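**Student:** Same order as they appear, the protein sequences are chains E and E'. A prime marks a further copy of an entry chain.
Sequence positions in the first sequence follow the authors' numbering and run 2 to 65, 68 to 232.
Sequence positions in the second sequence follow the authors' numbering and run 2 to 65, 68 to 232.
Just so you know, even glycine gets a beta-carbon here, dropped at the ideal spot from N, CA and C.
Number of protein chains: 2
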Amino acid sequence: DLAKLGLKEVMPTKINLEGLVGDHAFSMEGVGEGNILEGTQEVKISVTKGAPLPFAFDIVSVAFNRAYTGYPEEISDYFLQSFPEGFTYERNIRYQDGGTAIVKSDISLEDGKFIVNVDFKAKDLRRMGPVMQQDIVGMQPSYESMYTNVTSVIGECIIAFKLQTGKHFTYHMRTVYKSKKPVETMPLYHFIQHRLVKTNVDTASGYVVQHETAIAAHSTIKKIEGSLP
Amino acid sequence: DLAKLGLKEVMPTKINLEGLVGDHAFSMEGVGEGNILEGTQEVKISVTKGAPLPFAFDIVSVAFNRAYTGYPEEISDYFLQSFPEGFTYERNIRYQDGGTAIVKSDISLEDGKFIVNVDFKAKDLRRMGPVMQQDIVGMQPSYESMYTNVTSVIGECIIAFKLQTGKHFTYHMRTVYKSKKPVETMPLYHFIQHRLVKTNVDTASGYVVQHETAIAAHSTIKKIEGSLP
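1) Distance cutoff 9 Å, beta carbons only. Does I227/E sit that close to anything in chain E'?
2) At the 9 Å Cβ level, is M142/E part of the contact set with chain E', yes or no?
3) For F58/E', collect the residues of the same chain with a Cβ closer than 7 Å to its Cβ; drop the 5 residues on either side in sequence, then sort them by chain order.
4) Counting only C-beta atoms, is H25/E' closer than 9 Å to chain E at any point?
5) For the alpha helix (DSSP H) containing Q84/E', name the first residue and the last one.
6) Tell me, please, which residues DSSP counts as bridged to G35/E.
7) Classify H193/E' as buried or exposed, calling it buried when 16 or more other Cβ atoms lie within 10 Å of its own Cβ.
8) Please give me, in chain order, every unbroken run of the beta strand (DSSP E) with length at least 3 that falls completely inside the segment 133-206 of chain E'.
9) Counting along the chain, where does the beta strand (DSSP E) carrying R130/E' start and finish?
10) Just tell me which of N68/E', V11/E' and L3/E' has its CA closest to the CA of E215/E'.
11) Work out the CA separation of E34/E' and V204/E' for me, nearest whole Å.
12) Hey, how far is the Cα of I110/E' from the Cα of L231/E?
13) Find out if the Cβ-Cβ distance for the pair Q213/E, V11/E is shorter than 9 Å.
14) Which residue's Cα is closest to the Cα of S222/E: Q196/E', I46/E' and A64/E'?
15) Give the interface partners of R69/E over in chain E', defined as CB-CB distance under 8 Å, in chain order.
16) Are the CB atoms of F56/E and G7/E within a distance shorter than 9 Å?
17) If we ignore side chains and look at the alpha-carbon of each, how far apart do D122/E and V106/E end up?
18) Mind checking which residues open and close the beta strand (DSSP E) that includes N95/E'?
19) Considering just the uninterrupted stretch of the beta strand (DSSP E) at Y210/E, what are its terminal residues?
20) Between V204/E and the ligand SAM, is there a pair consisting of the residue's CB and a ligand heavy atom that are separated by less than 8 Å?
21) Quick one: grab the DSSP three-state call for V61/E.
22) According to DSSP, is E113/E helix, strand or coil?
23) Per DSSP, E19/E forms a beta bridge with which residues?
24) Which class does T49/E' belong to by DSSP, given the choice of helix, strand or coil?
25) Measuring only between beta-carbons, confirm whether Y150/E sits less than 9 Å from chain E'.
26) On the CB-based measure, 16 or more other CB atoms within 10 Å of its CB, does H25/E come out buried or exposed?
27) Pick from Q99/E, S79/E and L54/E: whose alpha carbon is nearest that of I161/E?
28) Buried or exposed for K126/E, going by 16 or more other Cβ atoms inside 10 Å?
29) With distance defined between alpha-carbon atoms, name the residue in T151/E', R130/E' and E19/E' nearest to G51/E'.
30) At a Cβ cut of 7 Å, what residues of the segment 166-199 of chain E' count as close to chain E, listed as they run along the chain?
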């Protein structure tokens, strides 16, 4: 199964991010590993150029691979089917205060390692908002709706940053994932539950270790017999 | 418990909707009942004025009461706490094609019956889109993030209409729910899983019976020990 696609159960990954938030350009690197059957991943991230960042780090957490998703056999796995070649995605983010972000990423398979190249561009961020004031402690778990659009897969989600005061600051994320080569079966409508946490925050070392768990599933509410749709 | 709030397990409900979509004004009525502990409801809806509607009915499904939500004891129930007085909500909807909708509703408790008065106003709907062309078969299940904002509760969700061709058409919904009187405890961040189905579609009678199941819960992914937030 995974050997036909050129993958193993525990894949290492290297991710290179080029970012531009407002007028601040920066570059970030991330090295890590994950399990593609259980849908877990853990990456250590550092800032190579542009330090220190004048915004909250957590806005680029979703930029640092849906191959790390736990898919049941009853739901077709688009991302694992996309390999050995990999897949790309274009992702639009609207924050609740009007700010926007655009994330374009390519995920390749090279020497049994997931090589991710991602470009992150944010604009119209409020100077007095929690992102620029860095009042975000982390992300809350989320549910991303996934459905088929001809040959692509669309995922829509509402991400919520928890704030120091206990309040929340949300954004709407819409991603178009495209396999680089044709895929046998396109998936039906389902959800991917995410939980992205920060397992280590070392400000003296300039490293942030984040762990994401992603589990694909249908709704746990049974559809009423003879009902539409 | 429920008797202190003036409620019973199975509450009947009457809902009156005044709507304006584009230049088309209309009025709709709905009579039904639900269980507030299990989080189920079923209402029969008809069009009193403005028939026939030139748009898909399913856009007003979310307008036809979070009191019908199954809440575990470990998650505080804002909506049931809001009673006997009831609660209001203001709801903003952005469709994926640029159209918008505004829903203002009041939910009162009168004679052991949920009396809902809702105003629905939609604009900028595409003439060649699935809403005006009526290509929608129904809603898919969803997950609505719920969190506290001082004294109000904010819920954010992505609703997906299934289309006749099998494709999907989504919209982003953000609702501010406000209890009419103070509430003892405000809830923590959680989700409400919805499944709104159509149990009966009788076009000859002009009636549509819809059933919603709503279950409140935390994330089913265990938070990693010692991680942030």
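**Tutor:** By the coordinates alone:
1) yes
2) yes
3) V211
4) no
5) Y81 to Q84
6) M12/E and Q42/E
7) buried
8) 139-142, 145-152, 155-166, 171-182 and 193-205
9) Counting along the chain, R130/E' falls outside any beta strand (DSSP E), and DSSP gives it neither H nor E.
10) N68/E'
11) 18 Å
12) 27 Å
13) no
14) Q196/E'
15) Chain E' residues near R69/E: none, gap ~16 Å exceeds 8 Å.
16) no
17) 6 Å
18) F90 to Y98
19) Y210 to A220
20) Annotation note on the ligand SAM: not contained in the displayed structure, which lists no ligands.
21) helix
22) strand
23) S28/E and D122/E
24) strand
25) yes
26) exposed
27) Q99/E
28) exposed
29) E19/E'
30) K170, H171, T173, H175, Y192, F194, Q196 and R198
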